[PDB]
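S.K.: I'd like to ask some things about the structure below.
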Amino acid sequence: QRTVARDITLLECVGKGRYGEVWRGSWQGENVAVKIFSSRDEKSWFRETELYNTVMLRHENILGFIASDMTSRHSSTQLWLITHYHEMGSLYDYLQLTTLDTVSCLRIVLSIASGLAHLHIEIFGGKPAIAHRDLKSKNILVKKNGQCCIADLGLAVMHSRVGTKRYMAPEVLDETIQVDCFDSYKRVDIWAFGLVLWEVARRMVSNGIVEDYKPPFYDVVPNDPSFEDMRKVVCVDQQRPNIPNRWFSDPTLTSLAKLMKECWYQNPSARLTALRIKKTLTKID
Ligand SMILES: COc1cc(-c2cncc(-c3ccc(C4CCN(C)CC4)cc3)c2C)cc(OC)c1OC
Ligand SMILES: COc1cc(-c2cncc(-c3ccc(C4CCN(C)CC4)cc3)c2C)cc(OC)c1OC
Ligand SMILES: COc1cc(-c2cncc(-c3ccc(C4CCN(C)CC4)cc3)c2C)cc(OC)c1OC
């Protein structure tokens with residue numbers, strides 16, 4: 015009645031960590047991305063699989079799902095997540111070398127805001143509201159058309175492993191987050207979005223000037239900062255990323271500085287919503 019061609023050829027490893035590995039693969043002559051999970055991070059595969067079994071997200075700024083595969087091995091279970099492949103790689107990767115102009119900077123950040131607002135919004139008929147819980151530049155991929163997409167729903171929570179410590183909001187670091195209020199999780203994503211917006215804005219040229227790529231808080235915490243390192247910076251001293259003087263000569267960067275400030279309020283309920291961020295970004299330039 016029909017052949018079901020399941021063979022995926024793994025061609026090149028494009029990422030390896032404690033999570034496991036990501037591979038460029040081939041299925042029926044087309045590139046796919048294959049995430050192979052470590053034993054240590056099986057729950058990330060289960061959570062993303064459970065979410066996609068609940069709602070088949072389809073959005074230009076969400077990494078495109080293809081498949082979740084569990085295969086029985088002699089002494090172990092093998093877990094793969096198969097997605098669209100974005101050959102330009104992560105935003106983290108891309109910003110290291112590349113500088114941006116006004117149009118490319120805005121296109122990047124508005125595409126991220128678009129993906130994030132899609133996750134956050136409940137649609138009746140539709141989708142549950144979704145918070146990401148690990149938004150960062152390594153979890154955003156660059157597409158050839160200049161838009162980005164959001165990746166890795168292994169920590170996501172639906173309404174109707176913990177986050178990367180460098181990007182944790184103050185209420186996560188001081189353990190005051192209202193864990194029974196779904197809006198709490200959206201506001202944690204907004205904080206992290208503001209940090210990503212800062213990372214990208216630094217790489218936008220104005221008046222012949224650009225900042226070097228740096229991760230958020232590069233100047234105040236070590237590599238692999240501890241919870242305590244982050245809590246002292248963000249909660250106790252209430253530091254925020256630096257806005258360089260040169261941004262205030264450029265109307266786009268002046269507007270982006272204002273926006274990122276309104277993602278970083280200590281009071282989570284004062285932060286902008288993803289929908290409000292989108293509207294603000296459509297009115298810039
Ligand atoms: C099991 O595993 C994998 C399967 C595949 C795959 C390969 N060929 C064809 C298919 C297919 C799709 C859909 C139908 C429909 C047709 C309409 N009818 C009314 C209901 C059924 C049938 C067949 C699939 C799903 C790829 C994989 O990897 C890319 C798989 O591994 C994860
Ligand atoms: C998993 O991913 C991929 C899958 C496939 C693929 C392979 N065989 C059959 C199908 C299919 C056919 C028909 C229906 C429907 C059509 C309308 N109604 C009658 C209900 C049933 C569904 C599915 C697909 C989608 C191709 C892909 O790429 C070209 C995939 O992407 C990598
Ligand atoms: C963040 O997380 C996930 C990401 C991906 C993913 C999807 N497309 C492309 C990539 C990629 C491709 C290529 C490079 C390099 C190699 C060549 N060049 C010299 C520099 C660029 C880097 C990255 C990835 C890593 C898939 C995932 O799941 C299957 C992820 O997990 C949810």
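Just so you know, we're using the working numbering here: the sequence shown kicks off at 15 and counts up by one.
All C-beta atoms in this analysis are idealised placements derived from N, C-alpha and C, irrespective of residue type, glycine included.
1) Taking buried to mean at least 16 other C-beta atoms within 10 Å of its own C-beta, is residue 265 buried or exposed?
2) Ends of the alpha helix (DSSP H) at residue 268?
3) Please find out if some non-hydrogen atom of ligand 3 comes closer than 8 Å to the beta-carbon of residue 297.
4) Using the C-alpha atoms, what's the distance from residue 276 back to residue 284?
5) What do you reckon, are the CB atoms on residue 168 and residue 242 nearer than 9 Å?
6) Check the C-beta distance from residue 253 over to residue 224 and give it rounded, since I have them as a contact under 8 Å.
7) Consider the C-beta atom of residue 41 and the heavy atoms of ligand 2; say whether any pair is separated by less than 8 Å.
8) Look up residue 298 in the DSSP assignment and give the residues it is bridged to.
9) Look at residue 17 and residue 41 and say whether their C-beta atoms are less than 9 Å apart.
10) Residue 203 to residue 159, Cα distance in whole Å?
11) Of all the options 128, 82 and 150, which has the alpha carbon lying nearest to the alpha carbon of residue 212?
12) Considering only residues of the same chain and omitting the five flanking positions on each side of residue 257, which have a CB-CB separation below 6 Å?
13) Please report the distance separating the alpha-carbon of residue 134 from that of residue 140.
14) Hey, would you say the C-beta of residue 50 is under 8 Å away from at least one heavy atom of ligand 1?
15) If you draw a straight line from the C-alpha of residue 268 to the C-alpha of residue 92, how long is it?
16) Can you give the Cα-Cα distance for residue 288 and residue 131, rounded to whole angstroms?
17) Can you tell which of 297, 218, 206 and 296 has its C-alpha closest to the C-alpha of residue 255?
18) Mapping DSSP to helix, strand and coil, what is residue 137?
19) Going by DSSP in three states, residue 315 sits in which element: helix, strand or coil?
20) Bridge partners for residue 35 per DSSP, in chain order?
M.R.: To lay it out plainly:
1) Translated into the one-based positions of the sequence shown, residue 265 becomes position 251. Residue 265 comes out exposed.
2) Position 254 of the sequence shown holds residue 268. Its alpha helix (DSSP H) spans residues 265–275.
3) One-based indexing of the sequence shown puts residue 297 at position 283. Checking every heavy atom of ligand 3 against the Cβ of residue 297, none is found closer than 8 Å.
4) For this step, residue 284 is matched to residue 270 along the sequence shown. For this step, residue 276 is matched to residue 262 along the sequence shown. So the alpha carbons of these two residues sit roughly 8 Å apart.
5) For the purposes of this step, residue 168 is taken as residue 154 along the sequence shown, with counting starting at 1. For the purposes of this step, residue 242 is taken as residue 228 along the sequence shown, with counting starting at 1. No, Cβ-Cβ distance for residue 168 and residue 242 is not below 9 Å.
6) What you label residue 253 is simply residue 239 of the sequence shown in a count that begins at 1. What you label residue 224 is simply residue 210 of the sequence shown in a count that begins at 1. With a Cβ gap of about 23 Å, residue 253 and residue 224 do not count as contacting.
7) Against the sequence shown, residue 41 aligns to sequence position 27. Flag set: Cβ of residue 41 near ligand 2.
8) Counting from 1 along the sequence shown, the entry for residue 298 is found at position 284. Partner(s): none; residue 298 has no beta bridge.
9) As a working note, residue 17 is residue 3 in the sequence shown. As a working note, residue 41 is residue 27 in the sequence shown. In this structure, residue 41 does not lie closer than 9 Å to residue 17 by Cβ.
10) For this step, residue 203 is matched to residue 189 along the sequence shown. For this step, residue 159 is matched to residue 145 along the sequence shown. Rounded to whole angstroms, residue 203 to residue 159 spans 25 Å at the Cα level.
11) Position 198 of the sequence shown, counted from the first residue, corresponds to residue 212. Residue 212 has its Cα closest to that of 150, out of 128, 82 and 150.
12) As a first step, residue 257 must be located in the sequence shown, where it is residue number 243. Hits under 6 Å: 271.
13) Indexing the sequence shown from 1 puts residue 134 at position 120. Indexing the sequence shown from 1 puts residue 140 at position 126. Using only the alpha carbons, I get a separation of about 12 Å.
14) For the purposes of this step, residue 50 is taken as residue 36 along the sequence shown, with counting starting at 1. Residue 50 Cβ: outside cutoff for every heavy atom of ligand 1.
15) On the sequence shown, position 254 is the one that residue 268 refers to. On the sequence shown, position 78 is the one that residue 92 refers to. Roughly 49 Å between the two C-alpha positions.
16) Numbered from its first residue, the sequence shown carries residue 288 at position 274. Numbered from its first residue, the sequence shown carries residue 131 at position 117. The straight-line gap from Cα to Cα measures roughly 5 Å.
17) Walking along the sequence shown from the start, residue 255 turns up at place 241. Among 297, 218, 206 and 296, the Cα nearest to that of residue 255 is on 206.
18) Sequence index remark: in the sequence shown, residue 137 carries index 123 (1-based). Three-state result, residue 137: strand.
19) Summary: the structure shown does not reach residue 315, with the chain confined to residues 15 through 299, and so no result is reported for it.
20) Position 21 of the sequence shown, counted from the first residue, corresponds to residue 35. Looking at the DSSP output, residue 35 bridges to 30 and 50.
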